[PDB]
Amino acid sequence: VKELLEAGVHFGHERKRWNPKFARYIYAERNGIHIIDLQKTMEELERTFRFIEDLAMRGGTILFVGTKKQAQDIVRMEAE
Amino acid sequence: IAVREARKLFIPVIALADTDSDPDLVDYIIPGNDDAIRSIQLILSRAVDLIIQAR
Amino acid sequence: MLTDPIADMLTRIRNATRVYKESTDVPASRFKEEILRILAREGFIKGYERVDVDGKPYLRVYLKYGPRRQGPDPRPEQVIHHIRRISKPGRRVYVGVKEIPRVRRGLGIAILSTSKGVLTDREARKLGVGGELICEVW
Amino acid sequence: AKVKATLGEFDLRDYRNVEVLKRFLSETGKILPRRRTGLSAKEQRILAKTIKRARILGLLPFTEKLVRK
Amino acid sequence: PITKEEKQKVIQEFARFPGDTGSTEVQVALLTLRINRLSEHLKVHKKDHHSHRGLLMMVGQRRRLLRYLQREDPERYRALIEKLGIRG
Amino acid sequence: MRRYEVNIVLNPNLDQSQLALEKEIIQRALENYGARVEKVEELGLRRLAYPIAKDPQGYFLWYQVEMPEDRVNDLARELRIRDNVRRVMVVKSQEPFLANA
RNA sequence: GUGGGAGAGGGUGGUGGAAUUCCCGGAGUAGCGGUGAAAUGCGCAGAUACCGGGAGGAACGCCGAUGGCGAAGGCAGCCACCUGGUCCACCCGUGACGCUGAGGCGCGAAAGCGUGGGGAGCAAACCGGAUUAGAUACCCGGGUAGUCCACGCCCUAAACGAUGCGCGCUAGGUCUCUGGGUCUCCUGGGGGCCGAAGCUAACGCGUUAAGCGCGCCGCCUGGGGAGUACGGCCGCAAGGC
């Protein structure tokens, strides 16, 4: 944490869109919005970063696929 | 479509999934935000930095 | 009206195990407990616990799945592929020692309520007793 | 606007409260639907029953004529 | 309509013990009272086929409870049947 | 015994003599049928939305009464015998369901 | 059991308005009516359109809903009475008293029959006109049975959700009707719409299953012949099983 919380990572969608299979990650519901348990985010993030670093050091290629509106620029800049 | 294509060819999947997603289709998952430019920025910057450093 | 409890328990286990849920709740009884203990000892379920739901005694069954699969449909392989009820109310099935069936060449099991308790087919043949044929599981 | 909105507190079951019940009728002596009134199903039902009762008493018109084309 | 007072008198009359409202005797007595009222009503109103279904359901329920009571405790069954004047 | 409301719409073209006469007649019939009045409201004359008995006016009488249910019907058929009474409405006393709370 | 709720659920008495028809009164003239176009028809014995006073029969305009109630068939002007089912809360009483149910008993749209009444409008059959190789039909003007009420029969249907009943288990989202609560919203019941798993030949169904199971009942075994013939039972008959 201490970076995730300020970045608004732990903000989900309303109760009108949540996929039931995602329920294992949700901490609690506030003011009609779904909040993600940042702790589980921490362990999962550690796991995924470990995998990413291992694959990169092995020389593997990772493809970035984000085609939303706002995500275009960030994806381009990061991938380049 | 991308995720289904990656599944079909036995390619690992990493996603920045949020509340309205199915975690099963993703092998390595980051439960966080997909809106909120700041969240995307943090996650992607960290990942790219880790890529660069561990080369 | 609930006519068969044991079929109910088996169906509860099945329906649960297929939406890949983690635990399940079933009303408690001695006979159900015997069947559950046989299932657990055979490495079919993670194990059973005695709990209380609003005072009512219930049994919580913890369920076992395989490793996560690769490619499309990555849902883990089932440990209980198929679980039936042989002897139902309105048609009771009893077998001698000679008539004890073999399930999937021994890869599966069949549970009997022999005169010496609830036993798998293997133990019942070893002891040399028969009785009601409850269920087949593999 | 909506008739309920352009009103204060009142009692629907009063079958003699003419000065308000006159508002829930069109130019022709017909009960206004929930589109024009803006009431719940229950309120609308009670209102229709009350209007019918008042019409029986002769307080309200069964039918009228609009002075137009 | 069956008044609160009549219901209460029946309950207090057929109670197994003071403060009982659920014993077989109480239920059978209440059913008997309902059956009586509905029976006379249907005697007057002949073409009321809808209430006849209610009557049949009531009679069936009473018979089921009486069967249970007779199976369990015969003395109470005979006492109740004589007290209420059923089947006679 | 239950609680009821009684509405009488009678001839407007009755003077004091006939008005008090008919009032006494209906009242006498009221205690005849075991009724028990809690309050009386007179609304004088109000304009009807359509003619009743060839006249556009009517005199309104309102009585919140209390009487056994079984007689109520009979009571109504008694209040309608007078030629001067145009409308009789007996309504079980409902509850003030307050709209727009 | 106690405290409450909703509703075109049923039966029996009454009374409210707007039409249609007929009778009469006031005037008031030359056509009304009808069709794709026209006639048949009504009118000069005063038709039609207007106003006023009567009689009578049947159905309830707005509300009105993709809504509610009932086991179905079905049920809506308003008021009162006598009653059936159902839901919620309190978990207060009894102690497995339960589910299904071949026969039996009862209810069962419309049409049809019997004994009486009633008859405004519509209208099988029937009588004319028109369209037409022919219309014995569709369109038009009349018109009995019938449609309405009481009692008694008949017992059928695309009587449909083309889906028997009871119970338990298995993601959700959304729109409504109706209750209780601490009322941002949680918690029961009912009616719909998308859709997880799963099912299905497919269409599609999917917590109101056509999913996973259990208990009981009823049916099916190629299409015609044929719901026919025969025998039986039920009906006044048509006819039904």
# chains A, B, ... in the order shown; residues from 1 in each chain; ligands from 1
$ closest_atom_pairs --of "chain A" --to "chain G" --cutoff "10 Å" --atoms "only C-alpha atoms (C1' of nucleotides)" --output "tab-separated table"
residue	atom	partner	partner_atom	distance
A:15	CA	G:173	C1'	9.5
A:16	CA	G:173	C1'	6.9
A:17	CA	G:173	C1'	7.9
A:18	CA	G:172	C1'	9.1
A:19	CA	G:172	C1'	7.8
A:20	CA	G:171	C1'	6.1
A:21	CA	G:171	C1'	7.8
A:30	CA	G:184	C1'	9.6
A:31	CA	G:184	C1'	7.2
A:32	CA	G:184	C1'	8.4
$ select_by_dssp --residues "chain B" --states "alpha helix (DSSP H)" --output "VMD selection string"
chain B and resid 2 to 8 37 to 53
$ residues_around --residues "residue C:123" --least-positions-apart "5" --cutoff "10 Å" --atoms "only C-alpha atoms (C1' of nucleotides)" --output "CSV table (one decimal) with N, CA, C and O atoms, in the first residue's frame"
chain,number,residue,atom,x,y,z
C,111,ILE,N,-20.3,-48.2,-1.7
C,111,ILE,CA,-20.5,-48.2,-0.2
C,111,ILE,C,-21.7,-49.1,0.1
C,111,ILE,O,-22.8,-49.0,-0.5
C,112,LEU,N,-21.5,-50.0,1.1
C,112,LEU,CA,-22.5,-50.9,1.6
C,112,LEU,C,-22.8,-50.6,3.1
C,112,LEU,O,-21.9,-50.2,3.9
C,118,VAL,N,-21.0,-49.4,8.0
C,118,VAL,CA,-20.8,-48.9,6.7
C,118,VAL,C,-19.4,-49.1,6.2
C,118,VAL,O,-18.4,-48.7,6.8
C,128,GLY,N,-16.3,-60.6,4.5
C,128,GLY,CA,-17.2,-61.7,4.0
C,128,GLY,C,-18.6,-61.5,4.3
C,128,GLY,O,-19.3,-62.4,4.6
C,129,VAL,N,-19.1,-60.2,4.3
C,129,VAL,CA,-20.5,-59.9,4.6
C,129,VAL,C,-21.1,-59.1,3.5
C,129,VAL,O,-20.4,-58.6,2.6
$ interface_residues --of "chain A" --to "chain B" --cutoff "8 Å" --atoms "only C-alpha atoms" --output "PyMOL selection string"
chain A and resi 4+7-13+17-19+21-23+25-26+34+36+40-41+44-45+47-49+52-53+56-57+59+65+70-71+74-75+78-79
$ closest_atom_pairs --of "chain G" --to "chain D" --cutoff "10 Å" --atoms "only C-alpha atoms (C1' of nucleotides)" --output "JSON lines"
{"residue": "G:6", "atom": "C1'", "partner": "D:42", "partner_atom": "CA", "distance": 9.4}
{"residue": "G:15", "atom": "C1'", "partner": "D:56", "partner_atom": "CA", "distance": 9.7}
{"residue": "G:16", "atom": "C1'", "partner": "D:56", "partner_atom": "CA", "distance": 5.8}
{"residue": "G:17", "atom": "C1'", "partner": "D:62", "partner_atom": "CA", "distance": 6.4}
{"residue": "G:18", "atom": "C1'", "partner": "D:63", "partner_atom": "CA", "distance": 7.4}
{"residue": "G:61", "atom": "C1'", "partner": "D:30", "partner_atom": "CA", "distance": 9.1}
{"residue": "G:62", "atom": "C1'", "partner": "D:30", "partner_atom": "CA", "distance": 4.5}
{"residue": "G:63", "atom": "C1'", "partner": "D:31", "partner_atom": "CA", "distance": 5.5}
{"residue": "G:64", "atom": "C1'", "partner": "D:33", "partner_atom": "CA", "distance": 8.7}
{"residue": "G:65", "atom": "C1'", "partner": "D:41", "partner_atom": "CA", "distance": 9.4}
{"residue": "G:67", "atom": "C1'", "partner": "D:41", "partner_atom": "CA", "distance": 8.7}
{"residue": "G:77", "atom": "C1'", "partner": "D:52", "partner_atom": "CA", "distance": 8.0}
{"residue": "G:78", "atom": "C1'", "partner": "D:53", "partner_atom": "CA", "distance": 6.4}
{"residue": "G:79", "atom": "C1'", "partner": "D:53", "partner_atom": "CA", "distance": 9.1}
{"residue": "G:177", "atom": "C1'", "partner": "D:41", "partner_atom": "CA", "distance": 8.2}
{"residue": "G:178", "atom": "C1'", "partner": "D:42", "partner_atom": "CA", "distance": 9.6}
$ atom_distance --atom1 "atom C1' of residue G:168" --atom2 "atom CA of residue C:12"
8.7 Å
$ residues_around --residues "residue G:163" --least-positions-apart "5" --cutoff "12 Å" --atoms "only C-alpha atoms (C1' of nucleotides)" --output "JSON, numbers by chain"
{"G": [205, 209, 210]}
$ interface_residues --of "chain G" --to "chain C" --cutoff "7 Å" --atoms "only C-alpha atoms (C1' of nucleotides)" --output "list in words"
residues 99, 166, 167, 168, 169, 170, 197, 212, 213, 214 and 215 of chain G
$ write_last_selection --atoms "N, CA and C atoms (P, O5', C5', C4', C3', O3' and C1' of nucleotides)" --output "PDB file, in the first residue's frame"
ATOM      1  P     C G  99     -49.338 -32.963   3.501  1.00  0.00           P
ATOM      2  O5'   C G  99     -48.690 -33.580   2.184  1.00  0.00           O
ATOM      3  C5'   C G  99     -47.519 -32.986   1.594  1.00  0.00           C
ATOM      4  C4'   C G  99     -46.958 -33.874   0.510  1.00  0.00           C
ATOM      5  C3'   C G  99     -47.944 -34.353  -0.544  1.00  0.00           C
ATOM      6  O3'   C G  99     -48.177 -33.380  -1.557  1.00  0.00           O
ATOM      7  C1'   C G  99     -46.628 -36.177   0.191  1.00  0.00           C
ATOM      8  P     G G 166     -47.305 -28.125  -6.001  1.00  0.00           P
ATOM      9  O5'   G G 166     -46.514 -28.983  -4.884  1.00  0.00           O
ATOM     10  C5'   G G 166     -47.228 -29.389  -3.692  1.00  0.00           C
ATOM     11  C4'   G G 166     -46.359 -30.283  -2.843  1.00  0.00           C
ATOM     12  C3'   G G 166     -44.922 -29.816  -2.601  1.00  0.00           C
ATOM     13  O3'   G G 166     -44.835 -28.789  -1.623  1.00  0.00           O
ATOM     14  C1'   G G 166     -44.914 -32.098  -3.164  1.00  0.00           C
ATOM     15  P     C G 167     -43.742 -27.643  -1.797  1.00  0.00           P
ATOM     16  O5'   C G 167     -42.398 -28.365  -1.337  1.00  0.00           O
ATOM     17  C5'   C G 167     -42.289 -28.913  -0.011  1.00  0.00           C
ATOM     18  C4'   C G 167     -41.082 -29.809   0.103  1.00  0.00           C
ATOM     19  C3'   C G 167     -39.743 -29.172  -0.215  1.00  0.00           C
ATOM     20  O3'   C G 167     -39.242 -28.355   0.830  1.00  0.00           O
ATOM     21  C1'   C G 167     -39.866 -31.286  -1.255  1.00  0.00           C
ATOM     22  P     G G 168     -38.477 -27.001   0.463  1.00  0.00           P
ATOM     23  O5'   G G 168     -36.960 -27.473   0.190  1.00  0.00           O
ATOM     24  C5'   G G 168     -36.251 -28.142   1.258  1.00  0.00           C
ATOM     25  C4'   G G 168     -35.045 -28.855   0.701  1.00  0.00           C
ATOM     26  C3'   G G 168     -34.061 -28.021  -0.125  1.00  0.00           C
ATOM     27  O3'   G G 168     -33.197 -27.257   0.710  1.00  0.00           O
ATOM     28  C1'   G G 168     -34.460 -30.108  -1.182  1.00  0.00           C
ATOM     29  P     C G 169     -32.554 -25.879   0.184  1.00  0.00           P
ATOM     30  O5'   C G 169     -31.467 -26.366  -0.877  1.00  0.00           O
ATOM     31  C5'   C G 169     -30.275 -27.048  -0.446  1.00  0.00           C
ATOM     32  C4'   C G 169     -29.529 -27.602  -1.634  1.00  0.00           C
ATOM     33  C3'   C G 169     -29.030 -26.568  -2.627  1.00  0.00           C
ATOM     34  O3'   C G 169     -27.770 -26.054  -2.232  1.00  0.00           O
ATOM     35  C1'   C G 169     -30.127 -28.304  -3.794  1.00  0.00           C
ATOM     36  P     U G 170     -27.398 -24.533  -2.550  1.00  0.00           P
ATOM     37  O5'   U G 170     -27.124 -24.553  -4.119  1.00  0.00           O
ATOM     38  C5'   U G 170     -25.789 -24.713  -4.635  1.00  0.00           C
ATOM     39  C4'   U G 170     -25.816 -24.733  -6.141  1.00  0.00           C
ATOM     40  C3'   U G 170     -26.072 -23.395  -6.817  1.00  0.00           C
ATOM     41  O3'   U G 170     -24.895 -22.623  -7.011  1.00  0.00           O
ATOM     42  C1'   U G 170     -27.437 -25.062  -7.801  1.00  0.00           C
ATOM     43  P     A G 197     -22.083 -20.725 -18.575  1.00  0.00           P
ATOM     44  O5'   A G 197     -22.183 -21.828 -17.425  1.00  0.00           O
ATOM     45  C5'   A G 197     -21.023 -22.230 -16.667  1.00  0.00           C
ATOM     46  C4'   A G 197     -21.399 -23.252 -15.619  1.00  0.00           C
ATOM     47  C3'   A G 197     -21.982 -24.557 -16.149  1.00  0.00           C
ATOM     48  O3'   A G 197     -20.965 -25.477 -16.523  1.00  0.00           O
ATOM     49  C1'   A G 197     -23.347 -23.747 -14.398  1.00  0.00           C
ATOM     50  P     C G 212     -30.291 -32.996 -15.331  1.00  0.00           P
ATOM     51  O5'   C G 212     -29.716 -32.922 -13.847  1.00  0.00           O
ATOM     52  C5'   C G 212     -28.326 -32.635 -13.600  1.00  0.00           C
ATOM     53  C4'   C G 212     -28.043 -32.691 -12.121  1.00  0.00           C
ATOM     54  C3'   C G 212     -28.645 -33.883 -11.396  1.00  0.00           C
ATOM     55  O3'   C G 212     -27.862 -35.062 -11.510  1.00  0.00           O
ATOM     56  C1'   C G 212     -29.127 -31.909 -10.192  1.00  0.00           C
ATOM     57  P     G G 213     -28.597 -36.471 -11.640  1.00  0.00           P
ATOM     58  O5'   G G 213     -29.146 -36.757 -10.151  1.00  0.00           O
ATOM     59  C5'   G G 213     -30.513 -37.195  -9.968  1.00  0.00           C
ATOM     60  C4'   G G 213     -30.858 -37.088  -8.506  1.00  0.00           C
ATOM     61  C3'   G G 213     -32.137 -37.796  -8.054  1.00  0.00           C
ATOM     62  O3'   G G 213     -31.929 -39.186  -7.852  1.00  0.00           O
ATOM     63  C1'   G G 213     -32.078 -35.615  -7.151  1.00  0.00           C
ATOM     64  P     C G 214     -33.075 -40.222  -8.260  1.00  0.00           P
ATOM     65  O5'   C G 214     -34.105 -40.112  -7.050  1.00  0.00           O
ATOM     66  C5'   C G 214     -33.665 -40.333  -5.697  1.00  0.00           C
ATOM     67  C4'   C G 214     -34.728 -39.921  -4.710  1.00  0.00           C
ATOM     68  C3'   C G 214     -36.129 -40.437  -4.978  1.00  0.00           C
ATOM     69  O3'   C G 214     -36.339 -41.804  -4.671  1.00  0.00           O
ATOM     70  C1'   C G 214     -36.244 -38.162  -4.374  1.00  0.00           C
ATOM     71  P     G G 215     -37.332 -42.652  -5.589  1.00  0.00           P
ATOM     72  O5'   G G 215     -38.789 -42.371  -4.962  1.00  0.00           O
ATOM     73  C5'   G G 215     -38.994 -42.520  -3.535  1.00  0.00           C
ATOM     74  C4'   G G 215     -40.370 -42.020  -3.167  1.00  0.00           C
ATOM     75  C3'   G G 215     -41.499 -42.357  -4.145  1.00  0.00           C
ATOM     76  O3'   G G 215     -41.984 -43.680  -3.958  1.00  0.00           O
ATOM     77  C1'   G G 215     -41.609 -40.066  -3.567  1.00  0.00           C
TER      78        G G 215
END
$ select_by_dssp --residues "chain A" --states "strand (DSSP E)" --output "list in words"
residues 11, 12, 13, 14, 26, 27, 28, 29, 30, 33, 34, 35 and 36 of chain A
$ write_last_selection --atoms "N, CA, C and O atoms" --output "PDB file, in the first residue's frame"
ATOM      1  N   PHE A  11     -10.734   1.219  -6.023  1.00  0.00           N
ATOM      2  CA  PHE A  11     -12.077   1.657  -6.374  1.00  0.00           C
ATOM      3  C   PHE A  11     -12.607   0.837  -7.545  1.00  0.00           C
ATOM      4  O   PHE A  11     -12.023   0.828  -8.624  1.00  0.00           O
ATOM      5  N   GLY A  12     -13.732   0.154  -7.305  1.00  0.00           N
ATOM      6  CA  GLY A  12     -14.357  -0.686  -8.310  1.00  0.00           C
ATOM      7  C   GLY A  12     -15.584  -0.026  -8.930  1.00  0.00           C
ATOM      8  O   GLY A  12     -15.681   1.200  -8.982  1.00  0.00           O
ATOM      9  N   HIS A  13     -16.505  -0.870  -9.409  1.00  0.00           N
ATOM     10  CA  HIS A  13     -17.762  -0.442 -10.001  1.00  0.00           C
ATOM     11  C   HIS A  13     -18.874  -0.557  -8.960  1.00  0.00           C
ATOM     12  O   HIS A  13     -18.642  -1.019  -7.843  1.00  0.00           O
ATOM     13  N   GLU A  14     -20.081  -0.115  -9.330  1.00  0.00           N
ATOM     14  CA  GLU A  14     -21.225  -0.206  -8.435  1.00  0.00           C
ATOM     15  C   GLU A  14     -21.706  -1.652  -8.342  1.00  0.00           C
ATOM     16  O   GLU A  14     -21.204  -2.535  -9.037  1.00  0.00           O
ATOM     17  N   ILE A  26     -13.325  -8.645  -3.009  1.00  0.00           N
ATOM     18  CA  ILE A  26     -13.985  -7.456  -2.492  1.00  0.00           C
ATOM     19  C   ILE A  26     -13.852  -7.421  -0.971  1.00  0.00           C
ATOM     20  O   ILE A  26     -14.121  -8.414  -0.298  1.00  0.00           O
ATOM     21  N   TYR A  27     -13.429  -6.261  -0.452  1.00  0.00           N
ATOM     22  CA  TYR A  27     -13.292  -6.059   0.981  1.00  0.00           C
ATOM     23  C   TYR A  27     -14.655  -5.785   1.608  1.00  0.00           C
ATOM     24  O   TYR A  27     -15.105  -6.548   2.461  1.00  0.00           O
ATOM     25  N   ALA A  28     -15.270  -4.666   1.201  1.00  0.00           N
ATOM     26  CA  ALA A  28     -16.543  -4.201   1.726  1.00  0.00           C
ATOM     27  C   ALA A  28     -17.186  -3.245   0.723  1.00  0.00           C
ATOM     28  O   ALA A  28     -16.521  -2.754  -0.189  1.00  0.00           O
ATOM     29  N   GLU A  29     -18.488  -3.002   0.908  1.00  0.00           N
ATOM     30  CA  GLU A  29     -19.241  -2.075   0.081  1.00  0.00           C
ATOM     31  C   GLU A  29     -19.442  -0.768   0.842  1.00  0.00           C
ATOM     32  O   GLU A  29     -19.840  -0.772   2.006  1.00  0.00           O
ATOM     33  N   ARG A  30     -19.156   0.344   0.157  1.00  0.00           N
ATOM     34  CA  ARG A  30     -19.394   1.678   0.685  1.00  0.00           C
ATOM     35  C   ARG A  30     -20.220   2.459  -0.328  1.00  0.00           C
ATOM     36  O   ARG A  30     -20.019   2.300  -1.527  1.00  0.00           O
ATOM     37  N   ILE A  33     -20.703   1.701  -3.881  1.00  0.00           N
ATOM     38  CA  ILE A  33     -19.543   1.318  -4.674  1.00  0.00           C
ATOM     39  C   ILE A  33     -18.856   0.112  -4.035  1.00  0.00           C
ATOM     40  O   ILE A  33     -18.985  -0.118  -2.833  1.00  0.00           O
ATOM     41  N   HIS A  34     -18.122  -0.646  -4.858  1.00  0.00           N
ATOM     42  CA  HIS A  34     -17.405  -1.828  -4.403  1.00  0.00           C
ATOM     43  C   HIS A  34     -15.928  -1.498  -4.196  1.00  0.00           C
ATOM     44  O   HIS A  34     -15.278  -0.953  -5.089  1.00  0.00           O
ATOM     45  N   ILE A  35     -15.416  -1.854  -3.013  1.00  0.00           N
ATOM     46  CA  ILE A  35     -14.037  -1.586  -2.632  1.00  0.00           C
ATOM     47  C   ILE A  35     -13.252  -2.896  -2.661  1.00  0.00           C
ATOM     48  O   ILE A  35     -13.708  -3.912  -2.136  1.00  0.00           O
ATOM     49  N   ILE A  36     -12.060  -2.846  -3.267  1.00  0.00           N
ATOM     50  CA  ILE A  36     -11.204  -4.015  -3.405  1.00  0.00           C
ATOM     51  C   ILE A  36     -10.273  -4.099  -2.198  1.00  0.00           C
ATOM     52  O   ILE A  36      -9.680  -3.098  -1.798  1.00  0.00           O
TER      53      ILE A  36
END
$ interface_residues --of "chain C" --to "chain B" --cutoff "9 Å" --atoms "only C-alpha atoms" --output "number ranges by chain"
C: 70-75
$ write_last_selection --atoms "C-alpha atoms" --output "compact mmCIF listing (two decimals), in the first residue's frame"
# COMPACT_ATOMS: atom_id res chain seq x y z
CA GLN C 70 -4.53 -24.99 -19.05
CA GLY C 71 -6.08 -23.46 -22.18
CA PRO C 72 -9.85 -22.75 -22.56
CA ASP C 73 -12.07 -24.06 -19.74
CA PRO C 74 -9.27 -24.06 -17.09
CA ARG C 75 -11.62 -25.25 -14.34
$ interface_residues --of "chain F" --to "chain E" --cutoff "12 Å" --atoms "only C-alpha atoms" --output "number ranges by chain"
F: 1, 69-70
$ interface_residues --of "chain G" --to "chain F" --cutoff "9 Å" --atoms "only C-alpha atoms (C1' of nucleotides)" --output "PyMOL selection string"
chain G and resi 13-14+79-81
